[PDB]
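These protein sequence lines are chains U, V, A, B and W, in that order. Counted from 1, the first sequence has number 27 at position 27 by PDB author numbering; the numbering is strictly sequential. Counted from 1, the second sequence has number 278 at position 12 by PDB author numbering; the numbering is strictly sequential. Counted from 1, the third sequence has number 397 at position 53 by PDB author numbering; the numbering is strictly sequential. Counted from 1, the fourth sequence has number 346 at position 2 by PDB author numbering; the numbering is strictly sequential. Counted from 1, the fifth sequence has number 66 at position 57 by PDB author numbering; the numbering is strictly sequential.
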Amino acid sequence: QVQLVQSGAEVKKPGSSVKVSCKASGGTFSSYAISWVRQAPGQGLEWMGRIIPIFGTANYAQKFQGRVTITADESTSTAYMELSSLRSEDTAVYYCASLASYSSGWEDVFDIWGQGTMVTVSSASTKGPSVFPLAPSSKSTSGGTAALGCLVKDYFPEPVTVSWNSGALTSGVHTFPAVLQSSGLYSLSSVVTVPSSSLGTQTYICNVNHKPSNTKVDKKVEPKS
Amino acid sequence: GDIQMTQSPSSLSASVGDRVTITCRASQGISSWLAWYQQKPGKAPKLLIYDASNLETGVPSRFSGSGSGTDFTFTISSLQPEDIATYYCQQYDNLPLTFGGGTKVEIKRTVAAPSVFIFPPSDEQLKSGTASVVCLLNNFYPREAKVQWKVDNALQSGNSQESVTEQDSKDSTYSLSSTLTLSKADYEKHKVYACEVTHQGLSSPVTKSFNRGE
Amino acid sequence: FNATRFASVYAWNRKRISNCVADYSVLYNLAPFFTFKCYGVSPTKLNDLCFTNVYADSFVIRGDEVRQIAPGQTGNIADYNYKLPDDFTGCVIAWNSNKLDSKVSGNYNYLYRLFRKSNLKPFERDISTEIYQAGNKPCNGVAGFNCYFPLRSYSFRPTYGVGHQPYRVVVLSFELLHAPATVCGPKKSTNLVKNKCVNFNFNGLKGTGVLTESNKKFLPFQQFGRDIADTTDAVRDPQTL
Amino acid sequence: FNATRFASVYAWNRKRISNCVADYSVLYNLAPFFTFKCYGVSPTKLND
Amino acid sequence: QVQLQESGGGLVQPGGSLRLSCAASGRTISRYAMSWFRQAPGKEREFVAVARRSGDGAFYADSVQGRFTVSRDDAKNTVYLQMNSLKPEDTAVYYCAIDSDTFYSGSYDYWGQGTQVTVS
Ligand SMILES: *[C@@H]1O[C@H](CO)[C@@H](O)[C@H](O)[C@H]1NC(C)=O
């Protein structure tokens with residue numbers, strides 16, 4: 001068997017340079033070569049360059065020539081790629097796949113891929129979130145149920161995880177994709193629908209976690225009339 | 267110059283069990299050096315068709331493809347629930363590889379009316395000197411619907427942000443929300459906040475609003 | 345011949361051909377079939393012969409390197425990637441494929457070894473690519489002057505001259521042993537004339553004589569008899585046995 | 345190869361040789377020479 | 010304003026099939042999709058079907074998906090509708106409407122004219 005494993009998400013300011021890696025395991029390194037693919041939020045795939053470590057030949061896409069550099073070694077059985085002078089547009093996911101079309105029959109089709117590595121470029125730095133519940137109105141209730149929600153704001157960087165009753169409540173739970181402020185801080189929203197009679201009699205709480213700094217936050221939700 | 271591919275149509279919608287097709291084209295006739303990928307939202311791409319007309323190991327017979335020269339076609343014999351993803355064509359006639367624009371396919375269903383809700387801000391938020399109002403559309407279909415702001419019965423624009431979700435795998439519906447933001451002074455300037463909605467399955471436009479004292 | 349994906353000179357692809365009616369006019373009639381060299385047989389006579397088995401080997405090599413694809417030759421291809429028997433009987437067909445198998449500083453699909461511990465036996469194949477050690481030092485990785493990597497790529501670039509342009513080659517190995525014949529030409533079979541001096545052609549066995557109902561008990565596996573001096577004394581009819 | 349008088353890549357040195365025996369097992373293959381590579385011609389052909 | 014008209018309908022027998030048509034002239038036929046609507050006497054509106062520019066199949070609500078068929082004719086600026094095995098629910102007035110939004114996936118509902126159906 002053959003597998004590739006990538007590093008965790010990395011973040012740094014615009015104008016800096018980002019290093020990424022992905023372990024190569026199984027089989028033999030002499031039979032491996034690596035590529036690099038991009039996936040920024042909300043569109044399709046994109047390709048950066050190609051390397052054959054054992055042949056020493058590398059190539060980069062015209063839109064990445066000079067800015068990107070690819071290296072690999074057999075002692076660690078790993079490939080390293082670097083990009084310099086990041087723009088805000090460089091916020092994307094990095095993918096390395098066992099290189100393709102290298103020989104008789106194997107085709108320029110990426111067969112085996114890594115798990116990925118998210119990178120974002122912003123002027124903000126690591127800090128915790130701000131949380132405040134929503135106050136749903138009684139008159140807005142429909143179908144004998146009330147919608148409850150919480151907001152997470154002013155945090156950076158992602159990931160951020162949100163759950164209701166620390167995961168004990170899942171029916172009617174809805175969450176929206178995050179957004180990025182002009183200040184460089186991310187935001188999130190989540191809601192849950194429950195019967196108007198169950199609330200109050202049973203406690204409902206929204207739980208949040210900013211894993212990059214591991215700040216645990218939980219807060220209660222209560223409608224008003 | 268670099269070879270650029272065009273994928274048509276850009277979007278698709280078909281119910282489970284229906285025949286669907288996807289096409290990808292190149293500017294100049296490539297020597298059948300094309301492949302196809304499947305990528306779930308945020309997941310690693312999966313190889314399905316490697317040669318112009320061959321299937322990868324373990325790929326179901328549900329998938330097939332053919333084509334040569336400039337234009338190629340990718341067909342599925344029967345759509346299935348797992349098919350909510352984006353498929354990309356990859357051309358490798360020459361090293362300057364390009365990736366297709368990607369075709370997004372979703373599950374078709376019948377019209378579903380939205381559930382409409384409105385959120386007023388809380389005191390903890392107001393004490394920061396800023397205020398916001400959130401309007402919600404939940405579990406509706408087709409794709410999108412309008413959300414409009416009519417604070418003080420007067421239309422407003424440019425002062426709100428919107429976020430939307432993916433397809434709901436449990437019922438193939440969608441949800442949408444809009445968030446209005448204002449400063450405390452401008453927040454107090456107004457006296458009525460209203461969110462208006464219009465959707466295909468509704469008998470008439472829907473309005474949700476609240477006054478300052480409630 | 346139309347296989348869009350040909351194999352490298354090393355780990356060449358071979359297809360076993362049997363039980364077919366072979367028409368070679370579709371091949372040598374085409375102009376782009378640049379070279380049609382046959383050993384032990386002529387291209388004109390192929391359609392009139394029968395073969396017990398046919399093996400079709402294919403690969404991609406340099407344009408000037410096709411000289412090495414011949415019996416008893418010596419060199420990189422003739423010794424370490426593909427060697428033909430000295431008494432090889434068959435045909436070697438090659439043609440240019442630069443338009444199909446070339447990319448500027450690319451075309452890494454086709455690989456070839458440069459040296460081997462021992463010369464490959466005829467029709468021998470070696471898929472392994474393990475690092476070649478110098479013998480005087482145990483090794484597990486590439487180390488330059490020792491621990492060599494055997495395989496290397498042509499790197500066909502359209503800018504190359506004809507001497508280095510990729511050439512698409514196929515080798516048709518034939519076996520001319522007597523019946524049973526699995527591959528035969530499109531020659532039409534006539535009626536069986538008996539008890540008369542006639543010219544006969546039994547699966548390419550041409551001669552003149554009188555055909556008579558034999559009374560010698562051939563075993564089921566025997567389909568052709570010989571007398572003293574290896575002369576053919578009896579034969580079983582391919583149409584009615 | 346042991347002189348190290350090259351001192352630069354610009355205006356690199358070149359040599360022509362005749363009437364000798366080239367023992368490549370020693371030439372350009374002692375301990376200091378860490379890496380090696382070849383193109384077109386195998387290392388064995390150098391000796392033979 | 011934009012003109013519009015329908016044809017067909019009228020008294021029918023339950024359990025049969027019915028045809029309807031709608032057409033327009035002198036204005037663009039693509040940027041707004043042509044849809045159908047229904048209204049029971051003194052009750053709320055119900056959307057029936059609509060056909061887009063691409064003509065990729067049909068589109069229905071819950072109550073009409075299993076009994077209706079729709080089609081459009083760009084070369085003639087007309088649209089047709091189908092009903093199979095009419096039911097007691099088929100005592101109502103339909104309407105021909107345009108999804109009045111420029112090249113939009115959704116729609117703004119506006120109806121120009123309608124006709125009656127009555128199962129006897
Ligand atoms: C030879 O082929 C013909 C035509 O198909 C058939 O009628 C006949 O039985 C065959 N004879 C033998 C011995 O196969």
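Beta carbons: idealized from backbone N, C-alpha and C, even for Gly.
Which of helix, strand or coil DSSP assigns to residue i
{"i": "residue 254 of chain V", "result": "A query on residue 254 of chain V cannot be resolved here, the shown segment of chain V reaching from 267 to 480 and no further."}
{"i": "U:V191", "result": "strand"}
{"i": "V:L345", "result": "coil"}
{"i": "V:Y453", "result": "helix"}
{"i": "W:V11", "result": "coil"}
{"i": "B:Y354", "result": "coil"}
{"i": "A:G419", "result": "coil"}
{"i": "V:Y459", "result": "strand"}
{"i": "W:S72", "result": "coil"}
{"i": "A:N463", "result": "coil"}
{"i": "W:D65", "result": "coil"}
{"i": "U:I112", "result": "coil"}
{"i": "U:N209", "result": "strand"}
{"i": "A:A478", "result": "coil"}
{"i": "W:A32", "result": "strand"}
Of the residues the options, the one placed nearest residue i, counting alpha carbons only
{"i": "V:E462", "options": "V:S327, V:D452, V:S444", "result": "V:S444"}
{"i": "A:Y354", "options": "U:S84, U:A92, U:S104, U:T71", "result": "U:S104"}
{"i": "V:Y358", "options": "V:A292, V:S344, V:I384", "result": "V:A292"}
{"i": "U:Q181", "options": "U:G167, U:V173, U:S196, U:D154", "result": "U:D154"}
{"i": "W:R28", "options": "W:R36, W:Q10, W:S34, W:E15", "result": "W:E15"}
{"i": "U:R67", "options": "U:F55, U:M48, U:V37", "result": "U:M48"}
{"i": "V:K412", "options": "V:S398, V:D337, V:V430", "result": "V:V430"}
{"i": "U:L148", "options": "U:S25, U:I205, U:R50, U:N59", "result": "U:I205"}
{"i": "A:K560", "options": "A:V554, A:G553, A:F568", "result": "A:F568"}
{"i": "A:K443", "options": "A:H522, A:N373, A:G505, A:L520", "result": "A:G505"}
{"i": "U:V194", "options": "U:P136, U:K19, U:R38", "result": "U:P136"}
{"i": "V:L421", "options": "V:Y440, V:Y459, V:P408", "result": "V:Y459"}
{"i": "A:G485", "options": "A:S497, A:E474, A:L495", "result": "A:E474"}
{"i": "A:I421", "options": "A:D445, A:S499, A:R457, A:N453", "result": "A:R457"}
Start-to-end residues for the beta strand (DSSP E) that takes in residue i
{"i": "V:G333", "result": "329-342"}
{"i": "V:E322", "result": "No beta strand (DSSP E) holds V:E322; DSSP gives it neither H nor E."}
{"i": "V:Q391", "result": "Looking at the DSSP string, V:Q391 is not in any beta strand (DSSP E); the run it does join, the alpha helix (DSSP H), is 389-392."}
{"i": "V:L403", "result": "396-406"}
{"i": "U:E10", "result": "10-12"}
{"i": "V:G295", "result": "286-296"}
{"i": "A:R406", "result": "397-406"}
{"i": "A:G551", "result": "549-554"}
{"i": "U:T120", "result": "117-121"}
Limits of the unbroken alpha helix (DSSP H) element including residue i
{"i": "B:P387", "result": "387-391"}
{"i": "U:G200", "result": "198-201"}
{"i": "A:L371", "result": "369-372"}
One or two residues paired with residue i in a DSSP bridge
{"i": "residue 242 of chain U", "result": "The structure shown has nothing for residue 242 of chain U, since chain U only spans 1 to 225."}
{"i": "W:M43", "result": "W:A60, W:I107"}
{"i": "W:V126", "result": "W:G19, W:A101"}
{"i": "residue 310 of chain A", "result": "For chain A, the structure presents residues 345 to 585; residue 310 of chain A sits outside this window and is missing."}
{"i": "A:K443", "result": "Paired residues: none, contrary to the question."}
{"i": "V:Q422", "result": "V:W415"}
{"i": "V:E428", "result": "V:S444"}
{"i": "U:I51", "result": "U:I34, U:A58"}
Segment contact flag, the region 158-177 of chain U with the region 205-219 of chain U, C-beta cutoff 8 Å, min 3 pairs = yes
Evaluate contact between the region 527-545 of chain A and the region 484-501 of chain A, counting only Cβ atoms and requiring at least three cross-stretch pairs below 8 Å.
-> no
Any contact of the region 395-411 of chain A with the region 500-518 of chain A, i.e. 3+ C-beta pairs under 8 Å?
-> yes
Mind the definition here: the region 95-105 of chain W touches the region 38-47 of chain W only if three or more C-beta pairs lie below 8 Å; say whether that holds.
-> These segments touch.
Quick one: any contact between the region 26-38 of chain U and the region 47-63 of chain U, if contact means 3 or more CB pairs under 8 Å?
-> With contact defined as three or more Cβ pairs closer than 8 Å, the region 26-38 of chain U and the region 47-63 of chain U are in contact.
Inter-stretch contact at 8 Å, needing at least 3 Cβ pairs: the region 363-374 of chain B / the region 566-577 of chain A | no
Evaluate the contact criterion for the region 85-100 of chain U versus the region 2-21 of chain U: three or more CB pairs, one atom per stretch, below 8 Å.
-> yes
Report yes or no: do three or more beta-carbon pairs, one from the region 381-399 of chain V and one from the region 132-149 of chain U, lie closer than 8 Å?
-> The region 381-399 of chain V, when compared against the region 132-149 of chain U, does touch it at the 8 Å Cβ threshold.
Is the region 421-438 of chain A touching the region 376-384 of chain A, taking contact as three or more C-beta pairs under 8 Å?
-> yes
Touching by the beta-carbon criterion (3+ pairs, under 8 Å), the region 332-346 of chain V and the region 289-306 of chain V | yes
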